[PDB]
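Participant:
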Amino acid sequence: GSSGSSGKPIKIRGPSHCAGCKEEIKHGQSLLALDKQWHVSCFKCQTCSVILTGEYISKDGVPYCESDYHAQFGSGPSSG
Ligand SMILES: [Zn+2]
Ligand SMILES: [Zn+2]
Numbered sequence: 001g002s003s004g005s006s007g008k009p010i011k012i013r014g015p016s017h018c019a020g021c022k023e024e025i026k027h028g029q030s031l032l033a034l035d036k037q038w039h040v041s042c043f044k045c046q047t048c049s050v051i052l053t054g055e056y057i058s059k060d061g062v063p064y065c066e067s068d069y070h071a072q073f074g075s076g077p078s079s080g
């Protein structure tokens, strides 16, 4: 009897991959947000997809701008 074969490449090359494009952030830069690491051109709203650098609001673990966010949970009833 002869059986047994294993061997897989380790993808431990430059960890902390971009949580937006899934790309190793070694040659470029990263952005701290939601306990994650995103590129300077990847971190943007989830509803409008607008680059967030100045101010932003995170919801249920999702980056949002003062526009959508305030329009999603910010606005409610008529007088909202
Ligand atoms: Zn990226
Ligand atoms: Zn937005």
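Letter by letter, the sequence shown follows residues 1 to 80 in PDB author numbering. From the three backbone atoms N, C-alpha and C, an ideal C-beta is built for every residue, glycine too.
Do residue 19 and residue 37 come within 8 Å of each other at the CB atom, strictly closer than that value?
Facilitator: Indexing the sequence shown from 1 puts residue 37 at position 37. Indexing the sequence shown from 1 puts residue 19 at position 19. For residue 37 and residue 19, yes; Cβs fall inside 8 Å.
Participant: Should residue 24 be listed as close to ligand 1, given that the test is whether its C-beta is under 7 Å from any heavy atom?
Facilitator: As a first step, residue 24 is located in the sequence shown; it is residue number 24 there, counting from the start. Every heavy atom of ligand 1 is 7 Å or more from the Cβ of residue 24, so no.
Participant: Sort out for me which residues DSSP pairs residue 33 with in a bridge.
Facilitator: Counting from one through the sequence shown, the residue named residue 33 turns up at place 33. 36.
Participant: Sorted by chain position, which residues of the same chain lie with C-beta nearer than 8 Å to residue 23's C-beta, five sequence neighbours on each side aside?
Facilitator: Reading the sequence shown from its first residue, position 23 is the one you call residue 23. Result list for residue 23: 17 and 39, in chain order.
Participant: Would you mind listing the beta strand (DSSP E) stretches within the region 12 to 78 that are 3+ residues and don't spill past its ends, in chain order?
Facilitator: 31 to 33, 36 to 38, 57 to 59 and 62 to 64
Participant: Can you tell me whether residue 42 sits near ligand 2, meaning its C-beta is under 7 Å from at least one heavy atom of the ligand?
Facilitator: Translated into the one-based positions of the sequence shown, residue 42 becomes position 42. No, since every heavy atom of ligand 2 falls outside the 7 Å radius drawn around the Cβ of residue 42.
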